[PDB]
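**Q** Sending over a structure as C-alpha cells; questions will come in a sec.
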Amino acid sequence: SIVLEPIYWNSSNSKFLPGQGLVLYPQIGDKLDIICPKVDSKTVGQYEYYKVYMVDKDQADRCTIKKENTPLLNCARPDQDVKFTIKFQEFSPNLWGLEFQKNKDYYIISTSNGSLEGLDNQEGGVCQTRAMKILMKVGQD
Ligand SMILES: *[C@@H]1O[C@H](CO)[C@@H](O[C@@H]2O[C@H](CO)[C@@H](O[C@H]3O[C@H](CO)[C@@H](O)[C@H](O)[C@@H]3O)[C@H](O)[C@H]2NC(C)=O)[C@H](O)[C@H]1NC(C)=O
C-alpha cells in the first residue's frame, strides 16, 4: 500500500533520536528498506560495519543479542550496496522470511560498534551508545 522512507543504518543519521532511537508505524502491506553504510567517492566517512538483528523488547532494552539470533542485515561491504527490504507481510514465502501481525511491536538493533573488530560483538554497541535501534508499531499510530 506504501513504501516507507528508507532507513540509512549509519552513525550520522539523525532519525535515530538520542536515547530513544527511531520509532515507526508501518501498516500490513507496507515496505521499508534498511540501507547499509556505503562510502564511495561522493559520500565522505570511514568504513562502518554492522550486523543488524530483529529482536524482542527485552533484548532491545538491554542491547544484547543471543547467539541463536541471525542478522537480517550483515553490513560487511562498506564499499558497496547492501540493503534489506522489510515487507510487513502477514505470511512469509519461506523459512527465513519475516511475518508481522497488526497491533504488535517489533524491534531492530545492532550491538556492533561500527568497527571491523566489533562486528560480532553481542552486547552494547551503537544500540547502547547512539540509540541505533528501531521500534516498529505495526498496524498502529
Ligand atoms: C548515512 O545515512 C544518510 C541518511 O541519513 C545518508 O544520506 C543519504 O545518502 C543517500 C545515498 O547517497 C542520498 O541519496 C539521494 O541522493 C543520491 C545522489 O544524488 C540519489 O542518486 C538518490 O536517488 C537519492 O535521491 C540521500 O540524499 C542522503 N540523504 C541525506 C539526508 O543526506 C548517507 O549517505 C549515509 N552515509 C553513509 C556513509 O552510508
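Chain A is numbered as in Swiss-Prot, which gives 30-170 for the residues shown.
Just so you know, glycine gets a Cβ as well, placed from its N, Cα and C.
In case it's useful when we look at the structure, here is the feature table from Swiss-Prot:
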type     : residues     : note
DOMAIN   : 31-167       : domain 'Ephrin RBD'
CARBOHYD : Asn39        : N-linked glycosylation site
DISULFID : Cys65-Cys104 : disulfide bond
DISULFID : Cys92-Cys156 : disulfide bond
CARBOHYD : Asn142       : N-linked glycosylation site
**Q** I'd like to confirm something. Which of the recorded positions, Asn39, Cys65, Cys104, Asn142, has a Cα closest to the Cα of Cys92 (disulfide bond)?
**A** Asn142
**Q** Give the helix, strand or coil assignment DSSP yields for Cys156 (disulfide bond).
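**A** For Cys156 (disulfide bond) - judged by DSSP and reduced to three states - the answer is helix.
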**Q** How many whole Å apart are the CA atoms of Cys65 (disulfide bond) and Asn39 (N-linked glycosylation site)?
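**A** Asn39 (N-linked glycosylation site) has its Cα 7 Å from the Cα of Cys65 (disulfide bond).
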**Q** Based on a Cβ-to-ligand 1 distance below 6 Å, what subset of the recorded positions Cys65, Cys92, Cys104, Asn142 would you report?
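**A** Passing the 6 Å Cβ check against ligand 1: none.
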**Q** Distance between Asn142 (N-linked glycosylation site) and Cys156 (disulfide bond) at the Cα atoms, whole Å?
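**A** For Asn142 (N-linked glycosylation site) versus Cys156 (disulfide bond), the Cα atoms are 8 Å apart.
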**Q** What's the most sparsely packed of the disulfide-bonded residues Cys92, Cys104, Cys156, counting other C-beta atoms within 10 A?
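**A** Taking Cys92, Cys104, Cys156 as the disulfide-bonded residues, the minimal 10 Å Cβ count falls on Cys92.
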